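In: need a 3D model of the sequence below.
(one chain, ligands or ions: 1)
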Amino acid sequence: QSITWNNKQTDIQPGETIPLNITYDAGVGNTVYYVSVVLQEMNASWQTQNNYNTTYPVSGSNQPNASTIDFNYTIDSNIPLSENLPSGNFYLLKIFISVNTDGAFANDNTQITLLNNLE
Ligand SMILES: [Ca+2]
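Out: Numbers count the residues shown, from 1 in each chain. Below is the structure in question.
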């Protein structure tokens, strides 16, 4: 199993939408269970502290095991800016595929900065 976010960007302003282009493949012998995108606040040990707006752009049965999709992912306008997080904490855009009913996973989790471009 594999998954890539093909059009990465480093930052986003809360309230904006990221137009994700995502390639995934469940892998030979596997069946896609879902593809999920969720914004996470992490600590310095890469342990999740908060999860925001969990989405499942691929889900259900009869989905293609491998495809490239476009998916608009929104950051709520009131999620705290990166500069206002506790020391060492950061945002990670979790982008991942589950195969075989959560039997195995792969990810293209990508660090992102939430900032206010007016400031
Ligand atoms: Ca990666």
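
In: check the gap between residue 4 and residue 115 for me.
Out: Distance, residue 4 to residue 115, using C-beta to C-beta, to the nearest Å: 25 Å. (Each C-beta comes from the backbone N, C-alpha and C, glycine too.)

In: what of residue 31?
Out: Applying C-beta to C-beta to residue 31 and residue 115 gives a distance of 39 Å.

In: leaving out sequence neighbours, find the closest residue to residue 72.
Out: residue 17 (4.9 Å; C-beta to C-beta, 6 or more residues apart in numbering).

In: beta partners of that neighbour?
Out: residue 74 (DSSP bridges).

In: isn't it up against residue 76?
Out: No: in this structure, residue 17 is not within contact of residue 76 by C-beta atoms under 8 Å, at 10.8 Å.

In: where do the strands sit along this protein?
Out: Shown for the chain, the strands assigned by DSSP state E span residues 2-5, 11-12, 17-25, 32-42, 48-58, 66-74, 90-99, 104-107, 110-114.

In: that older thread, tell me how far the residue nearest to residue 72 lies from residue 40.
Out: For residue 17 relative to residue 40 (C-beta to C-beta), the value is 18 Å.

In: who's more crowded, those two?
Out: Counted by other C-beta atoms under 10 Å, residue 17 and residue 40 do not tie: residue 40 has more neighbours, with 19 against 11.

In: surely the more buried one and residue 48 touch.
Out: Yes: using C-beta under 8 Å, residue 40 is in contact with residue 48, at 4.9 Å.

In: skipping its backbone neighbours, what lies nearest residue 25 in space?
Out: In space, residue 25 is closest to residue 66, 3.9 Å off (C-beta to C-beta, 6+ apart).
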